[PDB]
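Engineer: Next up, query-v6.cif (mmCIF, C-alpha atoms).
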data_structure
loop_
_atom_site.label_atom_id
_atom_site.label_comp_id
_atom_site.auth_asym_id
_atom_site.auth_seq_id
_atom_site.Cartn_x
_atom_site.Cartn_y
_atom_site.Cartn_z
CA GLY A 23 108.59 144.16 -84.90
CA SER A 24 107.75 141.38 -87.34
CA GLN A 25 106.65 137.82 -86.55
CA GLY A 26 106.15 136.56 -83.01
CA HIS A 27 102.78 138.28 -82.61
CA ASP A 28 100.98 139.45 -85.74
CA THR A 29 98.63 136.65 -86.79
CA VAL A 30 95.72 139.09 -86.70
CA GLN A 31 95.41 142.67 -87.85
CA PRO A 32 94.00 145.40 -85.53
CA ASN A 33 90.85 147.19 -86.69
CA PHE A 34 87.95 148.18 -84.45
CA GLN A 35 84.86 149.44 -86.23
CA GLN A 36 81.58 150.80 -84.84
CA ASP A 37 79.80 147.92 -86.57
CA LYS A 38 82.03 145.44 -84.74
CA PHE A 39 80.46 146.71 -81.52
CA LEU A 40 77.15 145.27 -82.70
CA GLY A 41 75.80 143.81 -85.93
CA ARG A 42 74.05 140.91 -87.63
CA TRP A 43 76.21 138.22 -89.23
CA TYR A 44 75.69 134.88 -90.96
CA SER A 45 77.60 131.73 -90.01
CA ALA A 46 79.38 131.54 -93.35
CA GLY A 47 82.72 130.04 -94.32
CA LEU A 48 83.76 126.83 -92.59
CA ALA A 49 87.19 125.19 -92.36
CA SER A 50 88.49 122.41 -90.12
CA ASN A 51 91.49 120.07 -90.27
CA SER A 52 89.35 117.18 -89.02
CA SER A 53 86.10 115.86 -90.47
CA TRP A 54 83.80 116.71 -87.56
CA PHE A 55 81.89 119.44 -89.38
CA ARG A 56 81.52 117.20 -92.43
CA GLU A 57 79.61 114.66 -90.34
CA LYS A 58 77.20 117.50 -89.55
CA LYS A 59 76.66 118.37 -93.22
CA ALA A 60 74.25 115.45 -93.38
CA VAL A 61 71.88 117.59 -91.33
CA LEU A 62 72.52 120.92 -93.05
CA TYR A 63 71.94 123.76 -90.58
CA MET A 64 72.72 127.49 -90.74
CA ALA A 65 72.84 129.80 -87.69
CA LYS A 66 72.73 133.61 -87.83
CA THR A 67 75.05 135.28 -85.32
CA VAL A 68 74.40 138.73 -83.86
CA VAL A 69 76.60 140.39 -81.22
CA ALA A 70 74.72 142.94 -79.10
CA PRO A 71 75.94 145.01 -76.10
CA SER A 72 75.32 143.16 -72.84
CA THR A 73 74.91 144.28 -69.25
CA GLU A 74 78.23 142.74 -68.47
CA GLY A 75 79.93 145.54 -70.36
CA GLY A 76 80.53 143.56 -73.52
CA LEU A 77 78.80 142.16 -76.60
CA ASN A 78 76.60 139.09 -77.00
CA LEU A 79 76.61 137.22 -80.31
CA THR A 80 73.52 135.03 -80.64
CA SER A 81 73.64 132.41 -83.40
CA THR A 82 70.23 131.19 -84.57
CA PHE A 83 69.94 128.42 -87.15
CA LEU A 84 66.98 126.95 -88.99
CA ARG A 85 67.35 123.27 -89.86
CA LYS A 86 64.52 121.24 -91.38
CA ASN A 87 61.70 123.66 -90.60
CA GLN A 88 63.21 123.90 -87.14
CA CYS A 89 64.85 126.96 -85.59
CA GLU A 90 67.02 127.01 -82.47
CA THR A 91 68.59 129.83 -80.46
CA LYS A 92 72.16 130.06 -79.17
CA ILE A 93 73.55 132.73 -76.84
CA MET A 94 77.28 133.46 -76.64
CA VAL A 95 79.04 135.98 -74.40
CA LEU A 96 82.13 137.68 -75.82
CA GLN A 97 84.46 139.74 -73.63
CA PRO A 98 87.58 141.81 -74.49
CA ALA A 99 90.90 139.96 -74.31
CA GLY A 100 93.06 142.98 -73.56
CA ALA A 101 94.27 144.49 -76.83
CA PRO A 102 91.59 145.37 -79.44
CA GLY A 103 90.93 142.87 -82.21
CA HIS A 104 91.25 139.89 -79.88
CA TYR A 105 88.20 138.58 -78.03
CA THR A 106 87.30 135.38 -76.19
CA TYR A 107 84.12 133.78 -74.83
CA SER A 108 83.72 131.58 -71.75
CA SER A 109 82.00 128.44 -73.03
CA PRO A 110 79.76 126.59 -70.51
CA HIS A 111 82.02 124.09 -68.73
CA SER A 112 84.40 123.52 -65.82
CA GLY A 113 86.90 125.93 -67.36
CA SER A 114 86.74 125.93 -71.15
CA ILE A 115 87.74 129.16 -72.89
CA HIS A 116 87.95 129.53 -76.67
CA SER A 117 90.01 132.38 -78.12
CA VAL A 118 88.73 133.79 -81.41
CA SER A 119 90.27 136.66 -83.37
CA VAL A 120 89.22 138.52 -86.52
CA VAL A 121 91.94 138.76 -89.15
CA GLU A 122 90.25 141.58 -91.06
CA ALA A 123 86.78 142.89 -91.90
CA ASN A 124 86.02 143.72 -95.53
CA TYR A 125 83.77 146.70 -96.29
CA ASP A 126 82.36 145.01 -99.39
CA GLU A 127 80.15 142.07 -98.42
CA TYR A 128 82.27 139.57 -96.48
CA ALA A 129 84.35 139.11 -93.33
CA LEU A 130 87.31 136.87 -92.49
CA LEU A 131 87.19 135.10 -89.13
CA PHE A 132 89.71 132.76 -87.51
CA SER A 133 88.87 130.35 -84.68
CA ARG A 134 91.33 128.46 -82.49
CA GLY A 135 90.79 125.63 -80.02
CA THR A 136 92.75 123.54 -77.53
CA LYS A 137 91.44 120.45 -79.14
CA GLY A 138 90.35 118.24 -76.25
CA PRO A 139 93.72 116.98 -74.89
CA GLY A 140 95.52 120.17 -75.91
CA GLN A 141 95.87 119.01 -79.51
CA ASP A 142 95.83 122.64 -80.56
CA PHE A 143 92.82 122.90 -82.87
CA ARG A 144 92.86 125.33 -85.79
CA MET A 145 89.66 126.79 -87.22
CA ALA A 146 89.09 129.21 -90.11
CA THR A 147 85.77 130.93 -90.78
CA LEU A 148 84.53 132.98 -93.73
CA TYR A 149 81.35 134.84 -92.74
CA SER A 150 79.18 136.35 -95.48
CA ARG A 151 76.92 139.37 -95.04
CA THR A 152 74.83 138.24 -98.01
CA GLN A 153 72.54 135.20 -98.05
CA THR A 154 75.26 133.11 -99.65
CA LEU A 155 78.88 133.24 -100.80
CA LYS A 156 80.48 133.52 -104.19
CA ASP A 157 83.05 131.08 -105.36
CA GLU A 158 84.85 134.34 -106.11
CA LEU A 159 84.71 135.28 -102.52
CA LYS A 160 85.42 131.63 -102.01
CA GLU A 161 88.46 132.22 -104.19
CA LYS A 162 89.96 134.44 -101.48
CA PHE A 163 89.79 131.57 -99.03
CA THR A 164 91.10 129.13 -101.64
CA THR A 165 94.16 131.15 -102.64
CA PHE A 166 94.97 131.70 -98.98
CA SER A 167 94.25 128.09 -98.10
CA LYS A 168 96.29 126.68 -100.98
CA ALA A 169 98.99 129.22 -100.19
CA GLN A 170 99.18 127.93 -96.63
CA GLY A 171 99.35 124.34 -97.83
CA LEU A 172 95.78 123.10 -97.44
CA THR A 173 93.39 121.39 -99.86
CA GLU A 174 89.70 122.03 -100.48
CA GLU A 175 88.99 119.06 -98.20
CA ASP A 176 89.68 121.43 -95.31
CA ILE A 177 87.48 124.26 -96.60
CA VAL A 178 83.75 124.05 -97.30
CA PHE A 179 80.81 126.44 -97.65
CA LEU A 180 77.81 125.35 -95.59
CA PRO A 181 74.51 125.85 -97.50
CA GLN A 182 71.58 127.79 -96.04
CA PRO A 183 68.46 126.70 -98.00
CA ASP A 184 65.78 127.49 -95.41
CA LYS A 185 66.01 130.96 -93.89
CA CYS A 186 64.39 131.20 -90.46
CA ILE A 187 62.86 134.50 -91.59
CA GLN A 188 62.95 134.90 -95.36
CA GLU A 189 60.71 132.55 -97.34
#
Represent the structure from my file as structure tokens, please.

Structural biologist:
Amino acid sequence: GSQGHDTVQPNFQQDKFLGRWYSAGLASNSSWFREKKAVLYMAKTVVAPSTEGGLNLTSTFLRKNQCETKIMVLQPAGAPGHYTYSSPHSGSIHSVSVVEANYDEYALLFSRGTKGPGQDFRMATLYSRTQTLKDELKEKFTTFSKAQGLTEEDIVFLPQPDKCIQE
């Protein structure tokens, strides 16, 4: 059937099981992320098979000649394409699904949150396999964003002028 349950498209690839990714594409209704732009930090996420029977995406960012490590556990949420991770807390679970993965040089990711007091938070991510992103590739997020009824104020590409490895 149509509508009701089709916000994300199913597509499981061998690479999805494990691969290196860059924390590209950022979109938020609020201005929380913007307040973080003043610091400018980029984290590289990599999901590797864990002993728990799942994958573990570790995001590592380098900000101001400083690199930090972040470990995240992702487990299957039933049907393929949908996965969720149990964030450290008294019962906080964030559900994240991947709309579609391009076989060119980019990937579309969509994040959703409860927003503190169940304010239903909406997050959109545009990861880039390359070091950066093209306004062209940015164009895909713009057309879709404008099509949905959102301005550029909601979408922004976080810069990564540091590279924890490359230099």

Engineer: Show me, as a PyMOL selection string, the residues that have an atom within 7 Å of residue A:176 when counting only C-alpha atoms, minus same-chain residues fewer than 4 positions from it.

Structural biologist: chain A and resi 49-51+172

Engineer: Name all residues at most 12 Å from residue A:88 (count all atoms listed in the file; drop same-chain ones fewer than 2 positions away) and give them as a PDB file with C-alpha atoms, keeping the file's coordinate frame.

Structural biologist:
ATOM      1  CA  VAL A  61      71.880 117.590 -91.330  1.00  0.00           C
ATOM      2  CA  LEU A  62      72.520 120.920 -93.050  1.00  0.00           C
ATOM      3  CA  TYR A  63      71.940 123.760 -90.580  1.00  0.00           C
ATOM      4  CA  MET A  64      72.720 127.490 -90.740  1.00  0.00           C
ATOM      5  CA  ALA A  65      72.840 129.800 -87.690  1.00  0.00           C
ATOM      6  CA  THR A  82      70.230 131.190 -84.570  1.00  0.00           C
ATOM      7  CA  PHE A  83      69.940 128.420 -87.150  1.00  0.00           C
ATOM      8  CA  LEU A  84      66.980 126.950 -88.990  1.00  0.00           C
ATOM      9  CA  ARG A  85      67.350 123.270 -89.860  1.00  0.00           C
ATOM     10  CA  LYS A  86      64.520 121.240 -91.380  1.00  0.00           C
ATOM     11  CA  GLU A  90      67.020 127.010 -82.470  1.00  0.00           C
ATOM     12  CA  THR A  91      68.590 129.830 -80.460  1.00  0.00           C
ATOM     13  CA  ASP A 184      65.780 127.490 -95.410  1.00  0.00           C
ATOM     14  CA  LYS A 185      66.010 130.960 -93.890  1.00  0.00           C
ATOM     15  CA  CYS A 186      64.390 131.200 -90.460  1.00  0.00           C
ATOM     16  CA  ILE A 187      62.860 134.500 -91.590  1.00  0.00           C
TER      17      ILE A 187
END

Engineer: Name the residues that the PyMOL selection byres ((chain A and resi 157-165) around 8) pulls out of this structure, and write them as a PyMOL selection string.

Structural biologist: chain A and resi 128+148+155-156+166-169+174+177

Engineer: Can you give me, as a list in words, the residues this file yields under the PyMOL selection byres ((chain A and resi 67) around 12)?

Structural biologist: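 Those residues are residues 40, 41, 42, 43, 44, 45, 46, 64, 65, 66, 68, 69, 70, 77, 78, 79, 80, 81, 82, 83, 90, 91, 92, 93, 94, 95, 149, 150 and 151 of chain A.
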
Engineer: Quick one: residues within 10 Å of residue A:132, all atoms listed in the file counted, chain neighbours fewer than 5 positions away excluded, as a JSON list (two decimals) with C-alpha atoms, in the frame of the given file?

Structural biologist:
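Written out: part.json:
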[["chain", "number", "residue", "atom", "x", "y", "z"],
["A", 29, "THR", "CA", 98.63, 136.65, -86.79],
["A", 30, "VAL", "CA", 95.72, 139.09, -86.70],
["A", 48, "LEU", "CA", 83.76, 126.83, -92.59],
["A", 49, "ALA", "CA", 87.19, 125.19, -92.36],
["A", 117, "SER", "CA", 90.01, 132.38, -78.12],
["A", 118, "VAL", "CA", 88.73, 133.79, -81.41],
["A", 119, "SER", "CA", 90.27, 136.66, -83.37],
["A", 120, "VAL", "CA", 89.22, 138.52, -86.52],
["A", 121, "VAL", "CA", 91.94, 138.76, -89.15],
["A", 122, "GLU", "CA", 90.25, 141.58, -91.06],
["A", 144, "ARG", "CA", 92.86, 125.33, -85.79],
["A", 145, "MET", "CA", 89.66, 126.79, -87.22],
["A", 146, "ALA", "CA", 89.09, 129.21, -90.11],
["A", 147, "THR", "CA", 85.77, 130.93, -90.78],
["A", 148, "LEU", "CA", 84.53, 132.98, -93.73]]

Engineer: In Å to one decimal, how far is atom CA of residue A:140 from atom CA of residue A:56?

Structural biologist: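 Value for the atom CA of residue A:56-atom CA of residue A:140 distance: 21.9 Å.
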
Engineer: List every protein, DNA or RNA residue with an atom no more than 8 Å from (84.8, 135.2, -74.8) in the file's coordinates, counting only C-alpha atoms, and format the result as a ChimeraX atom specification.

Structural biologist: /A:94-99,105-109,115-118

Engineer: Would you please work out which residue, of A:25, A:182, A:173, A:32, is nearest to residue A:101 when using only C-alpha atoms?

Structural biologist: A:32

Engineer: One decimal, Å: what's the distance from atom CA of residue A:60 over to atom CA of residue A:87, could you say?

Structural biologist: 15.3 Å

Engineer: State, in Å with one decimal place, the distance from atom CA of residue A:38 to atom CA of residue A:136.

Structural biologist: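 Computing it gives 25.4 Å between the two atoms.
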
Engineer: Produce the centre coordinates and the three edge lengths, each in Å to one decimal, of the box along x, y and z that contains all listed atoms of stretch 163-176 of chain A with 3 Å added on each side, as lines of an AutoDock Vina configuration file.

Structural biologist:
center_x = 94.2
center_y = 125.4
center_z = -99.0
size_x = 16.4
size_y = 18.6
size_z = 13.3
